[PDB]
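No Cβ is skipped: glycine too gets one built from the backbone with ideal geometry, and neighbour counts run over all protein chains shown. The numbers here are math on the coordinates, done by the rules we state, and not lab data.
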Amino acid sequence: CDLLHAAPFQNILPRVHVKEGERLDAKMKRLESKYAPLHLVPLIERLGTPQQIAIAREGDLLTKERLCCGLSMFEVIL
Amino acid sequence: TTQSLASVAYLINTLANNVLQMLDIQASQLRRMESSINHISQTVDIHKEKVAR
Amino acid sequence: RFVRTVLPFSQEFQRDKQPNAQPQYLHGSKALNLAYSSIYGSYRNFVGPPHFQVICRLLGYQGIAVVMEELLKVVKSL
């Protein structure tokens, strides 16, 4: 549930509807461009103190990597 | 008396300007201090989560 | 769901005395205190997912790890 709320700031987009007349690549590129301002890392990189860049990178790494992405511990307990 | 009044007003103006200038630099220093504290606090909390993980 | 048993085999908990103070320190006014107690009285007779998720939020990750290790030690002793 926590990771679901971080999708907009991590360029994590869903599968948008595609009908006859347009291809997936064009629609995805347009949708990514629309939400480009929400993405955080390049916005800090283009302007911002190096300390801010490092903190943002570390925070992004911690948020994206979690224990439901292919990790369990019941086996270890057994 | 006119000379005294002009001198007194001149002294007041320079003192007021100096006090305002001193206060402004103090506020600027404080704001810079706050940013450094926030960065340190952010650095500490990410360090703690890494140890917990 | 977890529910209480019958004929308990242990009565040695001897919990600490409840703290008592003015109504303001706990849930504002006296009238508000009764409403909240009644609302949360439904959770007293069972333990389930709602309790576990709150524990996870409060304990973070350090609490989970220490609890798991202690439970393993308890199992080892038994």
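Nearest 20 debye, what's the magnitude of the dipole of chain C about its Cα centre given +1 on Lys and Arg Cβ and -1 on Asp and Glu Cβ?
180 debye
Out of every Cα pair in chain A, what percent are spaced more than 20 Å from each other?
Here the long-distance tail beyond 20 Å is 52 percent of all Cα pairs in chain A.
For chain B, what mean projected area does the convex hull of the alpha carbons give, in nm²?
Approximately 3.3 nm², given one-decimal rounding.
Quick check: the angle from helix B:2-52's long axis to the longest principal axis of chain B, C-alpha only, nearest 10 degrees?
In chain B, helix B:2-52 runs at an angle near 0 degrees to the longest axis.
Taking a cut-off of 17 Å between Cα atoms, list the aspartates and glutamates near A:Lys29, but don't count ones fewer than 8 places away on the same chain.
Straight-distance partners of A:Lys29: none at all.
Rg and Dmax in Å for chain C, alpha carbons only: what are they?
Gyration radius and largest Cα-Cα distance of chain C: 17.0, 49 Å.
Going by alpha carbons, how many degrees (0 to 90, nearest 10) lie between the helix axis of C:49-59 and the longest principal axis of chain C?
Value to nearest ten degrees: 90.
Please name which of A:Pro37, A:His5, A:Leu24 has its Cα lying farthest along the dipole of chain A towards the positive end, using unit charges on Cβ (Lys, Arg +1; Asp, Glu -1) and the Cα centre as origin.
In chain A, that residue is A:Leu24.
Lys and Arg at +1, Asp and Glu at -1: add these up for the other residues within a Cβ distance under 14 Å of A:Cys68 and post the number.
On the way: positive: A:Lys64, A:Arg66, B:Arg53; negative: A:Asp2, A:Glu65.
Spelling it out: positives minus negatives among the neighbours equals +1.
Counting only helical runs of four or more DSSP H residues, what would the 222 nm mean residue ellipticity of chain A come to if each run contributes -39,500 (n - 2.57) and the total is spread over all its residues?
-13500 deg cm²/dmol
Could you give the longest part of chain A that holds none of the GluC sites (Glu not before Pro) found in DSSP loops with at most 15 neighbouring Cβ atoms within 10 Å?
A:23-64
If exposed trypsin sites (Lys or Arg not before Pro) are those in a DSSP loop with at most 16 other Cβ within 10 Å, what is the longest stretch of chain A that has none?
With a cap of 16 other Cβ atoms within 10 Å, the longest stretch comes to A:24-65.
Is the protein assembly as shown rounded, prolate or oblate when judged by the Cα gyration tensor, a ≥ b ≥ c being the square roots of its eigenvalues, rounded requiring a/c under 1.5 and prolate requiring a/b larger than b/c?
oblate
Under 19 Å Cα-Cα from C:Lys73, which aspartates and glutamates qualify once same-chain neighbours fewer than 8 residues away are excluded?
Candidates past the 8-residue exclusion: A:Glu75.
Where the only charges are on Cβ atoms (+1 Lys, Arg; -1 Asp, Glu), what is the dipole of chain A about its Cα centre, to the nearest 20 debye?
Its charge dipole is roughly 380 debye.
Counting each DSSP H run of 4 or more residues in chain B as -39500 (n - 2.57), what helix-only mean residue ellipticity at 222 nm follows after dividing by all residues, to the nearest 500 deg cm²/dmol? Don't skip to the answer; put the middle values down first.
Numbers: 1 runs with 51 residues, N = 53.
Computed ellipticity for chain B at 222 nm equals -36000 deg cm²/dmol.
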